[PDB]
Amino acid sequence: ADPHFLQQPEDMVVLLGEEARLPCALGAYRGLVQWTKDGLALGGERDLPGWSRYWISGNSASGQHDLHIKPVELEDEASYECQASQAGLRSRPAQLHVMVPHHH
Amino acid sequence: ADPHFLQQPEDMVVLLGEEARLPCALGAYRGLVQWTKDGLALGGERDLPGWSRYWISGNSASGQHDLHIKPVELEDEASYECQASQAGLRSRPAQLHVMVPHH
Ligand code: NA
Ligand code: NA
């Protein structure tokens with residue numbers, strides 16, 4: 001079978017300072033998987049070097065490639081895609097909304 | 001120095017079937033470099049596996065990361081960016097137009 005998504009991320013709202021999980025799963029695909037943030041590719045290495053608060057979790061052999069962000073910051077509000085780079089397959093874009101908690 | 005572009009691609013028109021070179025060079029950066037095509041990241045391996053007509057040319061030691069396309073097809077018309085993925089650096093987008101002679 002051809003490469004295909006088994007799970008795709010969706011629009012979500014997360015609180016400032018919490019952890020975000022943007023899910024992605026691919027079937028019949030053994031190549032590079034990575035995430036883009038407003039069109040900027042973050043890279044394929046699982047700990048995402050250069051992005052101290054981002055990493056990819058999940059068993060890559062089983063096809064899971066979830067993007068995690070912790071702690072979430074205001075600058076994380078963006079449109080994210082999961083991409084199978086070698087097959088040209090792109091997920092639906094997922095908008096991450098960051099809400100600031102108000103306290104007193 | 002901080003990572004910075006030494007050369008960036010620009011808009012270009014290429015005749016259908018010819019070879020295109022979109023130039024990119026980075027200074028003070030040894031991490032991952034890759035190209036996006038209309039926002040689709042092509043990957044970092046210099047042979048660009050999965051893309052039979054694309055490859056990245058140049059020695060990454062010198063910091064040159066030119067995207068090559070041969071032969072150019074209509075499906076290659078797109079906006080291209082060279083990106084230093086670990087630094088968050090993006091080049092100016094470069095539009096590749098393909099010209100088809102008519103006869
Ligand atoms: Na990281
Ligand atoms: Na290739």
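Parameters at a glance
- Residues numbered from 1 in each chain as written, not as in the entry; some residues may be left out.
- Chains lettered and ligands numbered in written order.
- Heavy atoms only, no water.
- Donors = N, O, S within 2.8 Å, 3.2 Å for Na, K, Ca; no water.
- Buried < 20%, exposed > 50% of the residue type's maximum accessible area, 1.4 Å probe, protein only.
- Disulfide = S-S within 2.5 Å.
- Helix = DSSP H or I, 4+ residues; strand = E, 2+ residues; numbered from the N terminus.
- Core = buried A, V, L, I, M, F, W, Y, C linked by side-chain atoms within 4.5 Å.

- Determination of this PDB entry was carried out by X-ray crystallography to a resolution of 1.80 Å, according to the record.

- Chain B carries the name Kin of IRRE-like protein 2 in the PDB entry, which gives Mus musculus as its organism.
- Anyone opening this PDB entry will find it titled "Crystal structure of the mouse Kirrel2 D1 homodimer".

- As annotated in the PDB entry, chain A carries the name Kin of IRRE-like protein 2 and is attributed to Mus musculus.

**Examining the coordination of the sodium ion (ligand 2)**
Tetrahedral coordination by four donors puts the ideal angle at the metal at 109.5 degrees, and octahedral coordination by six puts it at 90 or 180 degrees.
All names here are of chain B.
1) Next: Of the protein atoms, only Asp47 (O), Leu48 (O), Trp51 (O) and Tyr54 (O) coordinate the sodium ion (ligand 2), at distances of 2.3 to 2.4 Å.
2) Next: Motif for the sodium ion (ligand 2), donor spacing along one chain: D-L-x2-W-x2-Y.
3) Next: Note on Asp47: relative accessible area 48%, which makes it partly exposed.

**What about the state of the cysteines?**
1) Next: This structure, assessed with the given rule, holds two disulfides over all chains.
2) Next: Two residues, A:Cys24 and A:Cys82, share a disulfide whose sulfurs are 2.0 Å apart. The sign of the -75 degrees torsion about the S-S bond sets the A:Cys24-A:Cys82 disulfide as left-handed. Of this pair, A:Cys24 sits in the loop between β3 (20-22) and β4 (25-27) while A:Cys82 sits in strand β9 (residues 78-84); the two residues are 58 residues apart in sequence, bridging distant segments of the chain. With respect to burial, A:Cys24 and A:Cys82 carry one shared label: buried.
3) Next: One disulfide in the model links B:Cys24 with B:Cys82; its S-S distance is 2.0 Å.

**With respect to the nonpolar core**
1) Next: In terms of nonpolar packing, the biggest core is built from 25 residues, with B:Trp35, B:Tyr54, B:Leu67, B:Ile69 and B:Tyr80 touching the most fellow members.
2) Next: Elements with a minimum of two residues in this core: β3 (20-22), β5 (33-37), β7 (54-57), β8 (66-69), β9 (78-84) and β11 (94-99) of chain B.
3) Next: Of the residues forming this core, the biggest block, four residues, is contributed by β9(B).
4) Next: Within the second largest apolar cluster, 24 residues are counted, among which are A:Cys24, A:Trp35, A:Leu67 and A:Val72.

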